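These are the residues of each chain, in order.
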Amino acid sequence: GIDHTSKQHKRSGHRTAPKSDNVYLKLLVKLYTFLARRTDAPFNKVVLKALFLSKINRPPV
Amino acid sequence: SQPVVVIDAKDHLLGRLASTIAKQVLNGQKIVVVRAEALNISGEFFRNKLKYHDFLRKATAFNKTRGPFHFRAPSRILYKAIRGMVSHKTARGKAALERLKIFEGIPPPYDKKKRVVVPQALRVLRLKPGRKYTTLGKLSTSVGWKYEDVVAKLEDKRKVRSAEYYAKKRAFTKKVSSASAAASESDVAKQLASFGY
Amino acid sequence: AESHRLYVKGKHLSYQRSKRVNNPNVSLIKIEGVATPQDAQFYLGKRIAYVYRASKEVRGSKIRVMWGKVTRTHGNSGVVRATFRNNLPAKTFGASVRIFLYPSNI
Amino acid sequence: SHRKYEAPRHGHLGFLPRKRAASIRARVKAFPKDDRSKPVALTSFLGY
Amino acid sequence: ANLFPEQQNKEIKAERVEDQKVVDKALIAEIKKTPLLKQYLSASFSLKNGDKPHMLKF
Amino acid sequence: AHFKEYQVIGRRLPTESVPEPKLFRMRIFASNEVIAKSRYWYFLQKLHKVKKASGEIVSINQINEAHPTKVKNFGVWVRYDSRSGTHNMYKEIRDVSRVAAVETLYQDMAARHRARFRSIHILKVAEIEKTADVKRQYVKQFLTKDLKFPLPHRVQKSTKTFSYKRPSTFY
Amino acid sequence: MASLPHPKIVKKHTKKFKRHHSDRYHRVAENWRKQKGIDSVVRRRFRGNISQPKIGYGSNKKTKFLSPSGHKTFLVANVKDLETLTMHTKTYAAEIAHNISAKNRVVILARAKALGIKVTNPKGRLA
RNA sequence: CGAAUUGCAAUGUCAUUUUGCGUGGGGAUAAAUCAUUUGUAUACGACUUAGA
RNA sequence: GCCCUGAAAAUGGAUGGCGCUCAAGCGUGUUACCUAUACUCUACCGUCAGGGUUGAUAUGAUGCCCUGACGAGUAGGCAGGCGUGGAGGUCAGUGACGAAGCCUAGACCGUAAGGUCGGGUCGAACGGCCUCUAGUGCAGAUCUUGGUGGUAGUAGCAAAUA
RNA sequence: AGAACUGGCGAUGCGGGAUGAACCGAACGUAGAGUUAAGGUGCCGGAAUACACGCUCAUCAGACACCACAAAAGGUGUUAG
RNA sequence: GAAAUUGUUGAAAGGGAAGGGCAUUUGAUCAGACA
């Protein structure tokens, strides 16, 4: 019996994988998880957390 | 430890005896209260009579042959007190009360047997000397028990027949003590006394 | 010669319970002669048997046994607790079990 | 609420279980007291 | 096989008995140096009615 | 409770204007140092301008009895608050120790007046020296010569519930 | 078919979780349905009333889907389904479907007795 | 004189009523209900009566 | 301070009951003891979070592994799943040596929705997996239709002279 | 009848108060062992007919706060002052 | 050829309800047999 300060079982609001079923995107993510894990470069993580993004948060350049 | 326990209810207090019983007869001892007419209950006679009349007042209006059955005898008074301490609406309590037998006076099977005493219910030990107490025989006779003058005619008879037994046994006892005292100086006994015996 | 026994007789009083709630996993035993928790601490670990009858002879006997042990004490009057393999049936409230001396420390 | 006008009970509550008797010959629930001095003599009779 | 196949079931030998006779005769030698002990061992233990094991000694 | 006697010295907190203030002493009855130090600040805060925060406690010392194997007549001056009004009282006790006299005074006060610990202030406890200043009869009846009395009605305790002979009260 | 690496299958609440008032009314079946009522007592978890399903009663992941023999069950209708279990003999038991003919049950039984596979319903449609 | 090998513990059974069957030893030879009838009774049952 | 009087209401009755009087009452104090889904320890389920692992083995990372914490819940929101009728693919699927359905205080699996098996009955079509689709899941609505009961062998079948 | 602050019920079970929507304790995954809360230990009922100082005898005593009712005025009835 | 409802047989229980939860005895039944 605990007096909780914070809401319990609070999902992180982010997405740790895409919503799509694209095989090639899944493979790119397979690659960049490896790199982000086994590399100390933050470029890899940025690219990774960008590969997850919606069509509106992934706009055109 | 005994299989059956015969209890002389003379100079005993009612609830203080009945609780002891109601626990022992639930734990599984067969108990036989005897000489229930000489039981005692605290407080004065007029007070206890008022309480019994308050109990008699309570009867089912629409048909009084349904309601509190006011038993007037002492055996049944004590049975009421015990049954109130027991869950008689269950098999546990019914079985328990089947292990009980209460009597006025001391009948044949229990006159030739040994009677015991509950000391945590005795009037002389529990009550302050000078307090007024009440006798269940006089009470029952006041509320409509018609057999006080009979158990008396039987108890004196039992007592005569018991006192002659004691008069014989006492002589046998002194003879046995005088026969055993002629061996106490012996090496069979001053070797026992080294072990407390 | 008339006696052959090596046990102490006791009574199955009840289950462990609150008011209005019972725990049949735990049973209460009243041992004879015992009047305190000290002098009941001797009977801890000791085995217990409830010996009863049944009409179907199994393995060559009509009598049947439910084994258990003494675990710990109860408050201020020499009652103890017991835990059997298969808990007791509640019709034994006021029935004689027999406590052995088999695990001894004398 | 109380009765407007009081009046006694109908019947007697002491002759109750106003049922059929269990035998056609009514039974004597009470005999006189015994004087242990007088001559031996019957106490009652039954006729038709 | 519960009908006495008789493959080393009940036959007591005659080798153990010499090793049994050699100790008990040397042991009764020490028992009989004190009385009432042959009888003690011959008897069998039993609890009477008023016996409180937590109170009595051994 | 199982009381004890304490000696509590206290001191309003020092300042540059008076860096050696006055030590006040109290001889208090209580079960432990904690509530002793609480009662010190209850009584001192009735008389002088100080609190726990504006003060300190210097020394706290248990006072044991000098002759605890001597019977003494303790006169006691006390005041108590009732349901309606506040009063004073004097009672004599015949116990061996100051603390025991207090322990049996709180009790019979709670009996005869239904006054609790939170109502009673024990003003003065005095060992009376001579058998001529005692004025209470329930003490004077024990200060007689060749005092003897019996205990007529004895009650033996029982470890077993069933007994096989009627008891006797004979002493 | 020994299959003895498994440890002490325990089952929390081996009872069946019957519906409330499935015994009072014949229309109310025994299949469990939550009581969404407002003045209910099973929903509010009073004392003496029945117990409801929760994930707390969930079984261990090491002893899930195992029969007391230590195997988990695989349904076969033919030999092609059996031959999948030629490796996994000490973990999987080949229950035969309820629609197979007695003519083919013997084929399956005979093939499995050779492959060492264990069957759970081998006295079926036999006579 | 023997009690061992129930192999290091597993109630290691004698209690106590009821009931059936057979052996052999004697002992005893009936009422109730229905149906009929009566009316001191009665909604029907029941009650009270009579009948070889 | 206690006790009494004051203090009277209507079925028979309520310190919960019995019952209790150096209390089993009142005031106060000292230990011992009982036990809640609470607290501590452990195991298990699930969720949340953090981290390790594409060495590369079953290429799969849908996962596997370690660590810690947590779990109430109406209206209500989201997720993961069970089930039904039909559709597209697929198991070269089951089947007259007996499909489906029905009965089964007979068994197994799952927290559960539910699935699976044996037996009896029966007689011709039916399923598992990946997906699509919907007239898709009932205890109720003084629900609709159909059928059936306790009431109950009961009320009662008695106007009109026979 | 109408407001303020907090807490709770509603939406909430569990131990206790006999019983109770709100009081006391304490908030819930499935189980085991241990310890406690509030309340209690004559028997019903698991647990001391435990210890200690006192008061009370009531011809409707008294007995777990919320709670299920009680005043003014009197008593040499008693206890202490 | 379901169920409601009903008859026969069999098992079991039953002092002003029945049903249900936890725990176990007794009876039946199933189990796997580690064979």
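In the nomenclature of the PDB entry, chain B corresponds to 60S ribosomal protein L16-B from the organism Saccharomyces cerevisiae. The UniProt entry for chain B carries this comment under Subcellular location: "Cytoplasm". Within the UniProt record for chain B, the comment given under Sequence similarities is "Belongs to the universal ribosomal protein uL13 family."

In the annotation of the PDB entry, chain A is listed under the name 60S ribosomal protein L18-A and assigned to Saccharomyces cerevisiae.

Caption draft 1: Summary view of the overall build of chain B. Secondary structure summary: chain B contains eight helices and five strands in total. For a compact globule of 197 residues, the expected C-alpha radius of gyration is about 16 Å, and chain B comes in at 22 Å, more than 25% above that figure. Within chain B, contacts between residues separated by at least 24 positions form 78% of all contacts whose residues are at least 6 apart in sequence.

Caption draft 2: Local environment of the overall build of chain A. When you go through chain A residue by residue, the secondary structure sums to two helices and zero strands. For 61 residues, the compact-globule estimate of 2.2 N^0.38 gives 10 Å, and the C-alpha radius of gyration of chain A, at 16 Å, exceeds that figure by more than 25%. Overall, chain A is about 50 × 30 × 25 Å in size when its C-alpha atoms are taken along their principal axes. Put simply, chain A has 61 residues, and 13% of those count as buried. Accessible surface, chain A: about 5,800 Å² in total, of which carbon and sulfur atoms supply 59%.

Caption draft 3: Seen up close, the layout of surface pockets. Residue and element names in this part refer to chain B. Estimated volume of the second largest pocket: approximately 560 Å³. Lining the second largest pocket we find 22 residues, and of these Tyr52, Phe55, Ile77, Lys80 and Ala81 sit closest to its centre. Those elements that provide at least two residues to the lining of the second largest pocket are β3 (40–42), α2 (45–56), α3 (74–85) and α7 (136–143). In terms of residues, the lining of the second largest pocket owes the most to one element, α3, which gives six residues. Across the lining of the second largest pocket, the residue classes tally to 12 nonpolar, five polar and five charged.

Caption draft 4: Looking closely at the sheet that holds strand β2 (residues 22–31) of chain C. Residues and elements named next belong to chain C. Strand order in this closed barrel of six strands is β1-β2-β5-β4-β3-β6, and the pairing throughout is antiparallel. On average, adjacent strands in this sheet sit at an angle of 45° to one another, irrespective of strand direction. Sheet analysis places strand β3 (residues 47–53) next to strand β6 (residues 96–99), joined by two bridges and oriented antiparallel. Paired with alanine 49 across the bridge in β6 is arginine 98.

Caption draft 5: Geometry of the protein's contact with RNA strand K. In the vicinity of RNA strand K, 15 residues are found, and the nearest of them are C:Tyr52, C:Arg64, C:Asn87, G:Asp23 and G:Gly48. The sugar-phosphate share of atoms of RNA strand K within 4 Å of the protein amounts to 88%. At 2.5 Å from a sugar or linking oxygen of RNA strand K is found a side-chain nitrogen or oxygen belonging to G:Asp23. G:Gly48 has a polar backbone atom sitting 2.9 Å from a base nitrogen of RNA strand K. By residue class, the composition of the surface near RNA strand K is five nonpolar, four polar and six charged.

Caption draft 6: Just the interface of chain C and chain B, in detail. At the interface, five residues of chain C touch six residues of chain B. Summing the contributions of chain C and of chain B, the shared interface buries around 480 Å²; its carbon and sulfur component is 41%. Three residues stand out in chain C for area buried against chain B, namely C:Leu13, C:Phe93 and C:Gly94, and they jointly supply 63% of the buried area on that side. Connecting chain C to chain B are zero salt bridges. At the boundary of chain C and chain B, one finds one residue pair in polar contact. Here the side of chain C that touches chain B is composed, by residue class, of two nonpolar, one polar and two charged.

Caption draft 7: The packing of aromatic side chains, seen in detail. A complete count under the given rule lists 16 aromatic pairs over all chains for this structure. Ring geometry for F:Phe3 versus F:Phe117: centroids 6.4 Å apart, planes at 40°, classification tilted. Within this pair, whereas F:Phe3 is found in the segment before β1 (4–12), its partner F:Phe117 is found in the loop between α2 (98–113) and β6 (120–128), the two being separated by 114 residues in sequence. When its relative accessible area of 32% is taken as the criterion, F:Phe117 is described as partly exposed. Between G:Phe17 and G:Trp32, the ring centres sit 6.4 Å apart and the planes meet at 70°, which makes this aromatic pair edge-to-face. Here the residue G:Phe17 occupies a position in the segment before β1 (72–76), and G:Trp32 occupies one in the segment before β1, the gap between them amounting to 15 residues. A network of ring pairs unites the aromatic residues C:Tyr7, C:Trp67, C:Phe100 and C:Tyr102 as a single cluster. The positively charged end of B:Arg76 is found above the aromatic ring belonging to B:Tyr79, 4.6 Å away from the centroid. Over the aromatic face of F:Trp77 sits the side chain of F:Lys124, whose NZ or CZ is 5.1 Å from the ring centroid.

Caption draft 8: The pairing of strand β4 (residues 63–73) of chain C, seen in detail. Residues and elements named next belong to chain C. Pairing analysis gives seven bridges linking β3 to β4, with the strands arranged antiparallel. Along β4, the bridge assignment pairs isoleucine 48 with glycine 68. By the bridge criterion, four bridges tie β4 to strand β5 (residues 79–84) in an arrangement that is antiparallel. The residue of β5 that forms the bridge with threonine 73 is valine 80. The antiparallel hairpin formed by β4 and β5 contains five residues in its connecting segment, where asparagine 76 sits at a positive phi of about 65°.

Caption draft 9: Fine view of the arrangement of the chains. Ranked by contact count, the leading pair among the six pairs of chains in contact consists of chains B and F. At the level of C-alpha atoms, the two units chain B and chain E stay apart, their nearest approach being 8 Å. At the level of C-alpha atoms, the two units chain D and chain F stay apart, their nearest approach being 43 Å.

Caption draft 10: Spotlight on the protein's contact with RNA strand J. Contacts to RNA strand J come from 44 residues, most closely from C:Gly75, F:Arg112, F:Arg136, G:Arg43 and G:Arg45. The sugar-phosphate share of atoms of RNA strand J within 4 Å of the protein amounts to 72%. Contact between RNA strand J and A:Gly1: a phosphate oxygen at 3.1 Å from a main-chain N or O atom of the residue. Top contributing element to the surface near RNA strand J by residue count: helix α1 (residues 14–27) of chain B, with five residues. Taken together, the residues of the surface near RNA strand J break down into 11 nonpolar, 15 polar and 18 charged.

Caption draft 11: Broad picture of the pattern of salt bridges. Applying the stated criterion to the full structure yields 17 salt bridges over all chains. Taking the shortest distance from any N to any O, the salt bridge between F:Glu56 and F:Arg11 comes out at 2.6 Å. Pair noted here: F:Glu56 is in strand β3 (residues 55–62) and F:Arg11 is in strand β1, with a separation of 45 residues, a long-range link. The class for F:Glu56 is partly exposed, based on a relative accessible area of 28%. Note that G:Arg111 and G:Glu83 form a salt bridge whose closest N and O atoms lie 2.5 Å from each other. With G:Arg111 in helix α2 (residues 102–115) and G:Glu83 in the loop between α1 (79–82) and β2 (92–96), the pair connects residues that are 28 residues apart, well separated along the chain. For G:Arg111, a relative accessible area of 35% translates into the label partly exposed. Given the relative accessible area of 25%, G:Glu83 is considered partly exposed. Look at the salt bridges and you will find they share partners, linking B:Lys10, B:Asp11, B:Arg123 and F:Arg166 into a network.

Cut-off values and rules
Positions along each chain are numbered from 1 by the written sequence. They may not match the entry numbering, and residues without coordinates are not shown. Starting at A for chains and at 1 for ligands, labels are handed out in the order in which the entities are written. Shown here: chains from a larger assembly, with each value referring to the shown part only. For side-chain calculations, the full set of non-hydrogen atoms in the structure is used, while hydrogens and water are omitted. Residues with missing side-chain atoms are left out of burial classes, side-chain pairs and their counts. UniProt positions are given in the numbering used here, feature names are shortened, and annotations may be inferred rather than shown by experiment. Going along the chain from the N terminus, every DSSP run of H or I of four or more residues is numbered as a helix, and every run of E of two or more is numbered as a strand. C-alpha atoms define the radius of gyration, and 2.2 Å times the number of residues to the power 0.38 defines the globule rule. The contact criterion used throughout is that any non-hydrogen atoms of two residues lie within 4.5 Å. Think of it in three bands: residues with accessible area under 20% of the maximum for their type are buried, residues over 50% are exposed, and the middle band is partly exposed, with areas taken using a 1.4 Å probe on protein chains only. In short, Shrake-Rupley with a 1.4 Å probe defines the accessible areas, and a residue's cover is counted only from the protein chains shown. For cavity detection a 1 Å grid was placed over the protein atoms alone, and a set of points counts as a cavity when a 1.4 Å probe fits there but cannot get out; an open set counts as a pocket when protein lies on both sides within 12 Å along at least five of seven lines, with lining residues being those that have an atom within 4 Å of a point. Grid points are joined across faces, edges and corners, and a volume is the space filled by probe spheres set on the points. Side-chain classes are defined by residue name, with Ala, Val, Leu, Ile, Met, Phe, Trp, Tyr, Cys and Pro counting as nonpolar, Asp, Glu, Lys and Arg as charged, and the others, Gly among them, as polar. Two strands qualify as a pair provided that DSSP identifies no fewer than 2 bridges between them. In this description, a line fitted to the C-alpha atoms serves as the axis of each element, helices being fitted only across the stretch in contact, and the angle between N-to-C directions of two axes falls anywhere from 0 to 180 degrees. Nearness is defined per residue: one heavy atom within 4 Å of the molecule or strand is enough. Pairs of N or O atoms are called polar contacts if they sit within 3.5 Å, as long as, within protein, a hydrogen donor faces a hydrogen acceptor (for residues adjacent in sequence, only side-chain-to-side-chain pairs). By definition, the buried area sums, over both parts, the 1.4 Å-probe accessible area that each loses when the two are put together. Only one rule defines a salt bridge in this text: a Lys or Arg side-chain nitrogen within 4 Å of an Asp or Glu carboxyl oxygen. To pair, rings of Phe, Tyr and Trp, with the six-membered ring standing in for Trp, must have centres within 6.5 Å; the planes then decide the type, stacked if under 30 degrees apart, edge-to-face if over 60, and tilted in the middle. Whether a charge lies above a ring is judged from NZ of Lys or CZ of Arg, which has to be within 6 Å of the ring centre and within 35 degrees of the ring normal.

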